[PDB]
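Engineer: This is the structure, below, for whatever I ask next.
Rule-based calculations on the coordinates, nothing more; no lab input. So basically every Cβ, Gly included, is an ideal-geometry build from the backbone, and we count neighbours across all protein chains shown.
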Amino acid sequence: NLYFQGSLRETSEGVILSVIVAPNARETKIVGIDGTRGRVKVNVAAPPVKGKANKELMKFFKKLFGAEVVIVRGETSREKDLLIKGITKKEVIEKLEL
Ligand code: NA
């Protein structure tokens, strides 16, 4: 029963997916929804240093969506916004709900 609608918006350029990362994880994976923040809780299998969590986060979502993913907010924050270029909200929700 995970509802992603409060963590996404569809813009001129694609979809902005809003996440909150928890680093130091055994496995990169979606774990739930932070309804206070409107963000997907994502465990990231990387330490919080040297950009490594950013690289792993983008690798994971590029594979999931089959689209280019860039960080547009939160490069050095836990609360990161990911622009998935050229995609619709319907397609993103379908892939997140896998
Ligand atoms: Na929500």
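Engineer: Hey, which of these cross-link pairs are over 23 Å Cα-Cα: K50/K95; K29/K55; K55/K95; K50/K90; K29/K95; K41/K63? Don't jump to the answer; show the numbers that get you there.
Structural biologist: On the way: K50/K95 29 Å; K29/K55 14 Å; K55/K95 20 Å; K50/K90 34 Å; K29/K95 13 Å; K41/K63 18 Å.
Beyond 23 Å: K50/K95; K50/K90.
Engineer: If packing is taken as the average count of other Cβ atoms within 10 Å, what order do 13-20, 86-93 fall into, highest mean first? Walk me through the intermediate numbers first.
Structural biologist: On the way: 13-20: 20.5, 86-93: 15.6.
The densest-packed peptide leads the list: 13-20, 86-93.
Engineer: Another question about this same structure. Can you tell me which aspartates and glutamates have their Cα less than 20 Å from the Cα of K85? Leave out same-chain residues fewer than eight positions away.
Structural biologist: Cross-link targets: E10, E13, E56, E68, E75, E94, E97.
Engineer: Would you calculate the separation in nanometres between label points at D34 and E79, each defined as 7 Å from the Cα along the Cα-to-beta-carbon direction?
Structural biologist: Reported label-point gap for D34 and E79 is 0.7 nm.
Engineer: Can you list residues from other chains, or at least 5 along the same chain, whose modelled amide H is less than 5 Å from the amide H of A25?
Structural biologist: Amide H neighbours of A25, under 5 Å, 5+ apart: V44, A45, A46.
Engineer: Sort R26, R39, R78 by Cβ crowding within 10 Å, fewest neighbours at the top.
Structural biologist: So the ranking, lowest neighbour count to highest, is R26, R78, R39.
Engineer: Using Cα atoms only, what is the angle between the long axis of helix 52-65 and the major principal axis of the chain, expressed in degrees (0 to 90) to the nearest 10?
Structural biologist: Approximately 30 degrees, to the nearest 10.
Engineer: Rounded to whole Hz and in sequence order, give me ³J(HN,Hα) for the range 8-14 from the Karplus expression 6.51 cos²θ - 1.76 cosθ + 1.60, θ = phi - 60°, writing x for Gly and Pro.
Structural biologist: 9, 8, 9, 10, 3, 9, x
Engineer: Per residue of the range 16-31, in order, report the coupling 6.51 cos²θ - 1.76 cosθ + 1.60 (Karplus, θ = phi - 60°) as ³J(HN,Hα) in whole Hz, putting x for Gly and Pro.
Structural biologist: For the range 16-31, the Karplus curve yields 9, 9, 9, 10, 10, 8, 10, x, 6, 8, 6, 8, 6, 6, 7, 10 Hz.
Engineer: Once amide H atoms are built 1.01 Å from N in the peptide plane, which residues 5 or more positions from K41, or in another chain, come under 5 Å H to H?
Structural biologist: Residues meeting the amide H criterion: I20, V31, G32, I33, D34.
Engineer: Can I ask one more? With N denoting the number of residues in the chain, provide Rg(C-alpha) divided by 2.2 N^0.38 Å, to two decimal places.
Structural biologist: Normalised by 2.2 N^0.38 Å, the Cα Rg of the chain equals 0.97.
Engineer: Calculated from DSSP H runs of 4 or more alone, at -39500 (n - 2.57) each and per residue, what is the 222 nm mean residue ellipticity of the chain, nearest 500? Before the final figure, lay out the partial values.
Structural biologist: On the way: 2 runs with 22 residues, N = 98.
Dividing the helical sum by the residues of the chain leaves -7000 deg cm²/dmol.
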